[PDB]
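Let me begin by presenting the structure, written as C-alpha cells, before commenting on it.
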RNA sequence: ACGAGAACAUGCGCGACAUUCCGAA
Ligand SMILES: [Mg+2]
C-alpha cells in the first residue's frame, strides 16, 4: 500500500497486483418459477448472479468504537453468520462464518500520519464539512439505490430515496466525519444509510 | 497351484529321427487321459445340476467307477500309471469321498484341471 | 507406458496374431473377479477371491497352452507374474492396478489394430 | 473503424452495436462472430501494415440472456486477452485464451475441419462420440488415456486421424486446442 | 428473544439426481470453483413448498415458512435452505473405486407415429453420492414453532417419497434425509424436543 | 390432504433382460445391472395406450387417452397434467445377489447370435449382454392420489398395464426372446396420508 | 389389442444343437440346455419367407406383418414374440441319463483321407422344452390369415431342423400345442 | 431496515426397431 502512495509501483507491478487477487469465481445460476404452471400457465426462468470464494479467501472489514460497541457488534456478527448477507439469503446464498480479532497489521497503517486521507468506506459529509473538505479532492460518486427490505415500512415494497456517496479510496486533504442519513420517504420507520468516514492517513 | 511342481517333474522331452516331441510321457495321449477327464466331466456336471452342498451317493457311485477306471488306465499304460503315482490322484479321490462335501470335490476337480492344463501348456 | 511399449514391440499383427476373440475368456474372468472385488469393501483380498485368482492363473496357463499368440502375450506382458504379485501382496489397490494394466493393454492392442 | 467494418462483415448474421475509436462491439451468431473476428484480424493486419495488433473477447450466450451480463463477461474475456503480449482472443471462458494464428490455424484449420469431415459420414454426426471424447479429455489419468485410445480405435474413422488425435491429446497446449475444436464441432452439430 | 435453529444433515441420493443448470448433454448444476455437483437451496425450497401446498391445499403456513412478497402481508421467510454441497466423505468414497461423481444416462423416445426411437443423453449424480445440507429456521414467533416443524416433517416425508430434480416420474431424483443434528445456534429456544423426519 | 401410495415388490426375470446403455445399463456405484424406471414407465404407457386405443395419425404422447395422460402425465401447454405414477429404477436385489454368489454366477451373460443373409447365406456374428434369468429386481412405484373418485379406476388401468407387461418384454429385442419378466407385489400401502389402500391391487 | 398366448412343448426327435460360444447353449442359472427364442423365430421366419433380397427387411408383407420390420418409414411392430424354450421339468425328472451327449465325427479328408476328429455336444433325443409364444392382435380382420401363416411355419419347422447341422441328423423337433387362449383382451 | 422480497430448471418422453451361432464334412 505505502509503496503505491509513494509512487514506487510500476504499471507492470500494478498489473501483477491486479492479477494476484484470488478472491473467487463469479457465475450466473439460472433458476425457474413453476408457480404459474399449476394455474394453466408456463414456467418463468430467471437468473441469480452469485460469487463463490476460493477456500482460503473471504471478505474482511475493520470496526472502530468503544468496548460496548465492539461487544454489541460481536453479538450482531454472530447472529449475522446465520442471517446471511446479500441477495437470496433464504434461497441458499450469503451464509458465512466470521471471526473478530485484533489487527496489528492494520494498526500499523491506521497509526500512520500523512498529508492525505483515504476513505475506507462509502461516506459523505454534511453541508458544513462539504464546504471545506472538497478542495483538491480526488473522489468517485456512487449512486446508492435499492428497495426497502422491511415488513413494516409500508404495505407493498417501495424504493428508498436516491443517495450519492464518495467511494472507497477517495483521497481528501480534509478529513470529514460523515453521518447516518435518512433515505425514508414518509414511511413507518426511518430507513438509515450509513455514510460515516473511516479514514486511513498516508503520504503522497 | 502346487500342481506346477508336479507337472514340471512329470514333464520330459522326446527326440527321434530329427523330430522333437514335447510330451510329458510317451503314453500321455490326450484321449487316454480324456476318457477319465470326461468321466469326471459327467461327475461334476451332475454335481452342478444337483446344486447340493454334500457329495451325492449317485455321484459317489460314478466316483467309485472313476477309481475303477483309474486302475484300468494304470494297467493300460505304464505312463498313465507313473503320472497317477506322481500326482497321487487316488489320495485326492479318497479325501473327496471321506469329507463328503461339494466344496472339497470342486477344489479337487480344479486341482486335476490344473494338472491337465499345466501338462498341456508344457507340451 | 509399459503397456504402450510392449504393444509397440509386439506390433508388426500383434502378439504373434492375437485378437480379442482369443482373449475374451480371460477378459470375462478378469472382469468377473474385478466386480466381485469391487462389490466388497476390504483392503485385503478374501479367501474366495484368492482361490478365484488362482483359477485365473491356471486359466492363463491353459490359454497359453492352447494358443501361441496368447502364450507370447502372457510371456511378454508379465500378466501371470503380476497375478502372483497381487496374490503375494494381497492388497485391493494392487489388484485394481493390475486390472487397470490389463485394460490398458487391451485398449492399446485394439488401438494399434 | 467507422467505414471498413461494414465492408468486412458483409454477408454475416451480425449487428454492430458500436465501432469507433479503437474498440468494437458486435453481436450475432456465434459461428459468424468467430469467423468475422478472424476476418477482422486479417483485415486489420492488412490495414495497419503489421504495426498494430488488437485483442478480442468472444462470448457465447443464449437468447434472453441479460445484455448487461453479456457485455460485462465479454469485457472480462477481452481484458483477459489483454495480458502479456496482449495480441490474443479469449473464447467463451478464461481457459481458452489463444493467439490469432493459433485459433485460426491450429484450432479450426488443423483440428476442427478434419474431424468435422470425418464425422459428417457418421449417422448421428458423432454427437455422442464427441461427448465421450470430451469426457475422456477432461480427466487427467493415464488409464483414461488408455480409455481414449480404445475409444479412438472403436471410432471407425481414419487411422491417421486417430493417431493425430492421440498425439494432440498427449501434448499440452495441443489438448486445449483439441478440446476447443471438439466443443466447436459439438456446438455446430446440435439443436 | 430471537432464535435460530441449525439443522445440518445429509441428503443421500437413492436414484440418480439431475438438477438442470465443457459441452455436456443436459449437464447438472455444479459449484463454479470445485466443479462439484450441488443441490441448489432454491430447488429444495421450491420442491418442499410445492409438496406442502399440495398437502395443506397461498395458505398462511406456506407464507410463514417460505416467505411471501404479497402486498400488505409481507412475510419474512422462516426457512433459509442453503445449497447442498457434495459431501467430503462421499468425495473420498468416490475417489476410491475410481468412480466419477456424475453419470451419463441414455434414454429413448419411441414416436407414436413412425415407431422411431430418438435418443437423448442426460447427466445425473451417482447413486452412491451424498450432499451436506444445512437449514436455518428463524423463530419469529415462538408459539408456531411446533406447527412449523410438523409442517417441515410433512414436507420432508413427502420429499422422501418424491423426487428432487429432473424427471422423477421416470426414476430420477429420489433422495433420503439423515438429520445429523438439530441445535439452536441463536437465542435461548430449546430445540431438543424438536425433530425432523 | 396429500396421499402417496407406495407399491414395492420384485420384477423376476424369465428370459434374459437386455436394456442397452452391446452392454446393459449398470448402476455406476455397485456395477450391477439395473432396470431404469424410464423403461418401465414407457413400456407400461405404450402398452396401455395401445390397449385403450390409439388415435389415428397421432404424433405426440400428449395426444393419448385422458386416462393415460392422467396416470403417466401430460405436458401440453395450458393442460399440464402432473403424472400420478412415479416408477423408480429397479435395482438388483440383495437376495438375488446372495443367490448368485452361491453357484458363482456373474449377474450377467453374453448371448451369441448371428444374422444370415437371404442370398449370400453369410452368418454375421454378434454378441448381446443379458441379465441372467434367475435375477430379481426391487421395483418401487409411488402413486399420487390427486382425485379420490379416480383412484380405483386408475389402479384398474395400472393393473391392465401390468397384465400387458407380464405378457410382454421390458427391454431389448423381446420378440426374439428377451426381456420377459413377471411382477410380484410385496406390499401396497398408503405411505403418505390417510387414504385406505387395503383393497387396491394391480395383479 | 389382444394378447393371445400359445404354450406348449418342443420335443427333440434327434440331437438338438445350438452352438453357444463344441458346447451347446445353456441357461447360466439352471445349467440346462435351452432353445433360444431367437433361433426359433429366425428358423420360422426363414422357412416362411422361403415358402412365400439383400436387406432381409424386404421379404413379403406377411413376413413383416408377423415377425416385424425395421423398414425406413415403414417400421412394423412384430405380432409374433418367440421366447426362450426352457428345459421341461417333467423331461428333467424323466432323465433323472445325462441331458447332453457328445457325438464324434471323424471328418476324413478326400484326397489324403486323413481324419480330423471333432466332438459336438447335442441334447439327447426325447428331451422336451416348454415353449411360449405371444401373438398381438394389431388388426382383428387379419388374425385368421396370420395364424394360418403361423401354422404353415410350424409345419415347415416340423419338416426341417432347428440349429446345428441339420443335414447330418441334428435339430429335428416336434411341436405339441397345449392351449391357445386370449390371455389379454376379449378376442 | 442488505437492488431487496416471492419464485423446483421443471412438465412429456422404453436405448428401442429387423437379425437362426449358421453352411461344410
Ligand atoms: Mg478501447
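Protein chains in written order, with PDB author numbering: chain G, 104 to 307; chain C, 15 to 137; chain B, 15 to 26, 37 to 137; chain A, 563 to 753; chain D, 1 to 21, 29 to 64, 75 to 214; chain E, 1 to 21, 33 to 214; chain F, 2 to 22, 33 to 63, 69 to 112, 116 to 206. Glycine residues also receive a C-beta, built at the ideal position from the N, C-alpha and C atoms.
Close CB contacts of residue 198 of chain E within its chain, under the 6 Å cut and outside five residues either way in sequence, are with 8 (chain order). Just so you know, the alpha carbons of residue 184 of chain G and residue 203 of chain G end up roughly 12 Å apart. Ranked by Cα distance from residue 250 of chain G, the first of G/127, G/295 and G/234 is G/295. Within the stretch 699-713 of chain A, the residues whose Cβ lies closer than 9 Å to some Cβ of chain D are 699, 700, 701, 703 and 705, listed in chain order. Just so you know, the alpha carbons of residue 602 of chain A and residue 571 of chain A end up roughly 8 Å apart. With its beta carbon at least 8 Å from every one in chain G, residue 84 of chain E lies outside the interface. For residue 132 of chain B, the secondary structure class from DSSP, reduced to helix, strand or coil, is helix. Take the alpha-carbon of residue 43 of chain D and the one of residue 37 of chain D: they are about 5 Å apart.
Using beta-carbon distances, residue 134 of chain B counts as an interface residue toward chain A, with a partner under 8 Å. Counting only runs of at least 3 residues, the stretch 32-61 of chain C fully encloses the following beta strand (DSSP E) elements, listed from N- to C-terminal order: 33-35. Put simply, the CB of residue 715 of chain A is near chain B, with a gap under 8 Å to one of its CB atoms. For residue 606 of chain A, the uninterrupted alpha helix (DSSP H) run begins and ends at 592-609, by DSSP.
Taken through DSSP and simplified to helix, strand or coil, residue 232 of chain G comes out as helix. In the three-state DSSP reduction, residue 740 of chain A falls in the helix class (H, G or I).
Residue 151 of chain F carries a strand assignment under DSSP once its states are collapsed to helix, strand and coil. Apart from the 5 residues on each side of it in sequence, residue 172 of chain D sits with its Cβ closer than 6 Å to the Cβ of 55, 58 and 59 in its chain, given in chain order.
Take residue 74 of chain B, set aside five residues on each side of it, and the residues of its chain with a beta-carbon closer than 8 Å to its own are 111 and 114, in chain order. With contacts defined as CB atoms closer than 8 Å, residue 129 of chain C and residue 96 of chain C fail to qualify as a contacting pair. Residue burial is scored here from C-beta neighbours: residue 164 of chain F has fewer than 16 other C-beta atoms within 10 angstroms and is therefore classed as exposed.
Taking every residue with its beta carbon within less than 5 Å of a heavy atom belonging to ligand 1 gives, in chain order, A/584 and A/585. Taking 8 Å as the cut-off, the Cβ atoms of residue 183 of chain E and residue 72 of chain E do not count as close.
Put simply, of C/42, C/16 and C/135 the residue whose alpha carbon is nearest the alpha carbon of residue 87 of chain C is C/42. In the DSSP annotation of this structure, the continuous segment of the alpha helix (DSSP H) that includes residue 103 of chain C starts and ends at 103-113. In this structure, DSSP gives residue 220 of chain G an extended state, which the three-state scheme calls strand. The continuous beta strand (DSSP E) containing residue 3 of chain D extends over residues 3-13. Contact residues of the stretch 731-745 of chain A toward chain D are 741 and 745 (C-beta to C-beta distance below 7 Å). In this structure, residue 637 of chain A sits near residue 619 of chain A, with a CB-CB distance shorter than 8 Å. Annotation for residue 201 of chain D: no alpha helix (DSSP H) segment contains it, though the beta strand (DSSP E) segment containing it runs 192-203. A Cβ of chain G is located within less than 8 Å of the beta carbon of residue 631 of chain A. At a cut-off of 8 Å, the C-beta of residue 178 of chain E has a neighbouring C-beta in chain F. Only 75, 78, 79, 81, 82, 83, 85 and 86 from the stretch 66-86 of chain B bring a Cβ to less than 9 Å from some Cβ of chain C.
Residue 96 of chain F: member of the beta strand (DSSP E) spanning 96-98, first to last residue. With the criterion set as a beta carbon lying under 9 Å from some beta carbon of chain D, the members of the stretch 177-193 of chain G are 181, 182, 184, 185, 186, 187, 191, 192 and 193, in sequence order.
Taking the beta carbon of residue 260 of chain G as reference, the chain D residues within 9 Å of it are 86, 88 and 91, listed in sequence order.
Here residue 111 of chain E is buried. Its C-beta has 16 or more other C-beta atoms within 10 Å.
A direct Cα-Cα distance of roughly 20 Å separates residue 615 of chain A from residue 115 of chain G.
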